[PDB]
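1. whatever this is, show me its structure:
(chains A, B, C, D, E and F, ligands or ions: 6)
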Amino acid sequence: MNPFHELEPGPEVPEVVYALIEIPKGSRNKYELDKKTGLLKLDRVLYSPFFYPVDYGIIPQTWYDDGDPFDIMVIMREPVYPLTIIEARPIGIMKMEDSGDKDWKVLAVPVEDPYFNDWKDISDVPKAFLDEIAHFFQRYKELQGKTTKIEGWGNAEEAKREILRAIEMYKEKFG
Amino acid sequence: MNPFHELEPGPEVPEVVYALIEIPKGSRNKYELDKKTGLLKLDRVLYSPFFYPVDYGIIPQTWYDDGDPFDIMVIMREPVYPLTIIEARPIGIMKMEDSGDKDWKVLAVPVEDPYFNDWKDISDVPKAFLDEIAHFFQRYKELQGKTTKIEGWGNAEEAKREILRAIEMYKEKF
Amino acid sequence: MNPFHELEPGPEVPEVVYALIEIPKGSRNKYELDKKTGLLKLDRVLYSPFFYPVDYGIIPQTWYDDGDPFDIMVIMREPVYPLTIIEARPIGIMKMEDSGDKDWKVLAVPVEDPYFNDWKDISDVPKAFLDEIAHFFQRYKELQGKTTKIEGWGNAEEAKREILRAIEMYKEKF
Amino acid sequence: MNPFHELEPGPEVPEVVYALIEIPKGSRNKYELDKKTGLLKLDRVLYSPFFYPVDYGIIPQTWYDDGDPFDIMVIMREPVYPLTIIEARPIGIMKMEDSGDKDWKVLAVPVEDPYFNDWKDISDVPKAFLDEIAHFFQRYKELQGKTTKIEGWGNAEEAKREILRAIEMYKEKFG
Amino acid sequence: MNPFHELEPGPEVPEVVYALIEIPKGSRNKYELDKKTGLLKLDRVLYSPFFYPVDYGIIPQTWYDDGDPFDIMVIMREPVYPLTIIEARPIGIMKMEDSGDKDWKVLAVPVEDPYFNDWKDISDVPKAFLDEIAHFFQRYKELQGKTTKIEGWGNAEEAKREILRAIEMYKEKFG
Amino acid sequence: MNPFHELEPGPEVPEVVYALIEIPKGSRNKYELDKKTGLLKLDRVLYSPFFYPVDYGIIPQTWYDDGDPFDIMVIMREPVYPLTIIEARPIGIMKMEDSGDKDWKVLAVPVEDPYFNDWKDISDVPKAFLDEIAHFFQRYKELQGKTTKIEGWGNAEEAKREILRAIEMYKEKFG
Ligand SMILES: [Ca+2]
Ligand SMILES: [Ca+2]
Ligand SMILES: [Ca+2]
Ligand SMILES: [Ca+2]
Ligand SMILES: [Ca+2]
Ligand SMILES: [Ca+2]
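-> Numbering: from 1, shown residues only, chains lettered A, B, ... in the order given. Ligands and ions are numbered 1, 2, ... in the order given. The coordinates are given below.
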């Protein structure tokens, strides 16, 4: 059973989506879902001593402009295990390009951690934290010779619009 | 596949049951199985800085009075990963109510760790450890405004009887 | 040497104080400084499966109404090692009594983590996090039969006033 | 779906194989795949305070002389999670017997960690590391009264031959 | 300040002694106190993938037949940091010889963990645990070519007698 | 006692030096020795989600052109604790500038880990590992607006010469 295809995008789209976590915060190993089987697979070991600053995964039943499931980053105090489902509230979106591809990523908080009850938009996140995430994506592939361009951060409304676009793109590609 | 439905309750019930672990000891995140997919799902982050004192999960193909699979707590020296199957020997049962529901939980040791070879009943467990488990369940939802009531501990014999009842309740509902 | 006596209270009191950390966030072991040697010493293992929600220590060259150095709690994203000095900005104070003693504790953020640059007062802290800290101190000695009473939280201004008093109390006693 | 039966042995066998990891480096718990449901199962807790010195698993769709899937050991700098697939390059083979059975194990490195780009054969591995692996297997069941016999190490060519033999054995047994 | 020389052996010898921890449970690095400065020093990395099964250290102001401070092993549920003092109750003693030297080690529990309130003698410890400790010391230096002989376990009374002997030996050597 | 002033540079300089570790591998917290009390102090939290790729510290009784003790990086398989002394063999040197200052750093391996017995010079280190260390230092202060310049790597002979120069500089400054 491939979780990417089997799970709905969320219980109350786009206000609450499912995040299917692939990479826990603190990992230098970059995991992805095997397309065929839906098992966790090692994509690569990051070439530099950086760690994922957030729990990182995908939204089920989405497709994006870069030809992959739509990425989501969830701020967790204690990281989860790979292949864990988290009910997440989108609060913003990171706009970036990776080798000419649109590789934007939703930023979200868990609905069921009261610590984040008042985080509802991109302005609620400490600025240094947004910078640390952006810097990670700016440099994590530098030793692989890849250039990424960070364009900036969009707000919750923009994140939600993009989620709806990605849901539609999945329906068209696979429907 | 959904492990809860596919696995037998145990290889030698009720002396040895399977525990399907959801939450490793040391976790502040509370995980459950997604009913539709069988994937691990975050239920909540505990509101207080407490950690699960035991590896926590369910016995497959059981059903209990609180409308859930029968809970089991396994004492592991090194915690396992979520969705790991452990062969476990029941040694007692924690009697508690949660918001008016009978929410009893089996206490068990792993068959394949020789450290626990001589643990066969509730009297073999250090008292302080039983107290720490009871205290966790007494207080872990306090900030959510929920009230739990700890009745006490039953012995291995009582635990095994409850397991049999839960196995029967499952067959009846499904 | 005994760090408690040798270090100044801070580089810019009371806006920036030194926190000498005894217990990293995540610890169930409660450490204290040995008075005679200044070495880290195990005070006790918490009776319940709770972990310190903050990096916990003392402000050097302070003394408080409960006959101990003034306690300080520092919010660290990655916990430090015991006996590490942190430059900390006080942002509030937890008011509590422990067995009849005024056992108030400063809440502070590290000056050198830009994540907390905009945390300057108690109102900047998520409410759930204040609750989790208060709940820990309310219940962490329950199984030892001790009673703690949480009064509430004071703001940064009140915290800084108490720090000044504690600095004065130290000079007076020593 | 049982991953052992569902996954191919690898993408470019025998030069690159899939390792399906059961036990991460550092574990004292010995896990195995429940060959009924494909779930991870605790086989035992090692009787001694030893930890697995490598990420340990199996090559899918293989069968070996000892009546189990072919074992594979992958050298990872950061351990992976159980049930993770790693693309691995075989560089040697540990020859050992366990209770009279031929219990040989492939030694491999991850293709996607550049740290190991120049490890291509058994001679590239520090001698002390080979010794630590062999010692683990020599002694890890001593308190269980089990007897193992370490014969030595074979090179990459020998490992690859054995992988092909194990792939053929699976086909004959299950095909 | 050298903690080995500055701290008393304990607050209520020999019923309660100080354990000065050098190596936390779970470490493959073997630490010791630098004789000159009293700082922690790496002695060696264990040649095999074994971890210390107990928090390991010394009793201050003791000297033993093997020309070192008297060793103590403390059973802790959560390991402490190196150079931490633990008030410990001796419950037994491991009798062993290392290359002809008497290298006996006290086994103790922390006074301030109620989990161990009823552990007062060697018979209170699960047998498998005693075996795992003995096996560790039997094999941890095998790849270094060293032979150790495990002679057995003595009870709490014997442990206490040896503590008193070691305290006297320190007074004579340094007094 | 301040360990920086109290400890000798090493037991057989410059072939074997003491590394006094301040920051264990894997730390995002940057620690330094309070050169007043000798206690560990938090210098900063790195602004980016990078971790120290090596155990990092200083050689006691040295002084360098940048007005601080001579830096040393030790490759450890299992990280040590802060303020631990490691006996280390220099195998190379990283040449870099930080804010116009000569901020060179010794690269070394532990003498007492047999894994590294055959690492004796910079050419023995996997190229990808040298790159990951250099990249860390190139970028770890980028969000602080600081500029570093990585010049390259020198061999063991050059490292040893520099160690002797730093020992002499300390003597002239403090002796
Ligand atoms: Ca993408
Ligand atoms: Ca229940
Ligand atoms: Ca106090
Ligand atoms: Ca085999
Ligand atoms: Ca000894
Ligand atoms: Ca420098």
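2. which parts of chain A are strands?
-> Assigned by DSSP state E, the strands in chain A fall at A:17-23, A:29-33, A:40-45, A:55-58, A:71-74, A:84-98, A:101-102, A:105-110, A:148-154.
3. now check the last one, is it near ligand 1?
-> Same thing as strand A:148-154. No. Strand A:148-154 lies apart from ligand 1 when judged by Cβ under 5 Å from the ion; the minimum separation is 11.3 Å. Quick note: C-beta positions are derived from backbone N, CA and C, even for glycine.
4. please apply the same query to the fourth one.
-> No. Interface with ligand 1: strand A:55-58 contributes nothing (Cβ under 5 Å from the ion), its closest point being 8.4 Å away.
5. same question, the longest one
-> No. Contact of strand A:84-98 with ligand 1 (Cβ under 5 Å from the ion) is absent, the minimum separation being 7.7 Å.
6. roughly how far does residue A:130 sit from residue A:53?
-> According to Cβ to Cβ, to the nearest Å, residue A:130 and residue A:53 sit 10 Å apart.
7. and residue A:150, by the same measure?
-> 14 Å.
8. quick one: which of those two has more around it?
-> residue A:53 (21 against 15; other Cβ atoms under 10 Å in any protein chain shown).
9. which residues touch that one?
-> A:25, A:129, A:132, A:133, A:136, F:49 (Cβ atoms under 8 Å, 6 or more residues apart in numbering or on different chains).
10. what of residue A:151?
-> A:95, A:96, A:97.
11. could I get those residues as a markdown table with distance to ligand 5 and neighbour count?
-> Listed next are these as a markdown table, based on distance: Cβ to the ion, whole Å; neighbours: other Cβ atoms under 10 Å in any protein chain shown:
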| residue | distance to ligand 5 | neighbour count |
| --- | --- | --- |
| A:95 | 63 | 18 |
| A:96 | 59 | 19 |
| A:97 | 63 | 15 |
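12. now, which of these sits nearest residue F:172?
-> residue A:96 (51.6 Å; Cβ to Cβ).
13. check contacts around the nearest residue to the closest one once chain neighbours are set aside.
-> Leaving aside its chain neighbours, residue A:96 sits nearest to residue A:150 (5.0 Å; criterion: Cβ to Cβ, 6 or more residues apart in numbering or on different chains). Neighbouring residues of residue A:150 by Cβ under 8 Å, 6+ apart: A:94, A:95, A:96, A:134, A:137, A:138.
14. ok, now how distant is residue A:150 from residue A:137?
-> The value you get for residue A:150 to residue A:137, if Cβ to Cβ is used, is 7 Å.
15. again, but for residue A:38
-> Per Cβ to Cβ, residue A:38 is found 26 Å from residue A:137.
16. the longest helix in chain A is where?
-> The longest helix of chain A (DSSP state H) is helix A:156-174.
17. sorry, back to before: so which of the strands of chain A gets nearest ligand 4?
-> strand A:40-45 (22.6 Å; Cβ to the ion).
18. elements contacting that closest one?
-> Applying 3 or more Cβ pairs under 8 Å, 6 or more residues apart in numbering or on different chains; DSSP states H and E, we find strand A:40-45 packed against strand A:29-33, strand D:85-98.
19. residue A:88 bridge partners, please.
-> On the basis of DSSP bridges, residue A:88 is bridged to residue A:17, residue A:110.
20. quick one, what contacts it?
-> A:16, A:17, A:18, A:19, A:72, A:74, A:108, A:109, A:110, A:111.
21. give me the buried subset of those residues.
-> Neighbour-count burial (16 or more other Cβ atoms under 10 Å in any protein chain shown) is assigned, among the contacts of residue A:88, to A:17, A:18, A:19, A:72, A:74, A:108, A:109, A:110, A:111.
22. any idea what the fourth one is bridged to?
-> What it means is residue A:72. Here residue A:72, judged by DSSP bridges, has bridge partners residue A:57, residue A:106.
23. picking that back up, and the strands of chain A: which comes nearest residue E:44?
-> Across the strands of chain A, closest to residue E:44 is strand A:40-45 (Cβ to Cβ), at 28.4 Å.
24. burial of the closest residue to residue A:45 other than its chain neighbours, as a residue count?
-> Residue nearest to residue A:45 in three dimensions, not counting chain neighbours: residue D:113, with 4.0 Å by Cβ to Cβ, 6+ apart. A total of 24 residues lie near residue D:113 under the criterion other Cβ under 10 Å.
25. and for residue A:85?
-> 22.
26. same deal with residue A:84?
-> Residue A:84 has 24 nearby residues by other Cβ under 10 Å.
27. what's it in contact with, if anything?
-> A:20, A:21, B:31, B:39, B:40, B:41, B:42, B:82.
28. how about the second one: what's its closest non-neighbour residue?
-> By that I understand residue A:21. Nearest non-adjacent residue to residue A:21 (Cβ to Cβ, 6+ apart): residue A:57, at 4.1 Å.
29. pretty sure that neighbour sits against residue A:20.
-> Yes. At 4.8 Å, residue A:57 counts as touching residue A:20 under the criterion of Cβ atoms under 8 Å.
30. more crowded one of those two?
-> residue A:57 (29 against 22).
31. get me the contact residues on chain A for chain D.
-> Residues of chain A found near chain D (Cβ under 8 Å from any Cβ of the partner chain) are A:1, A:27-29, A:31, A:34, A:37, A:39-45, A:47, A:81-82.
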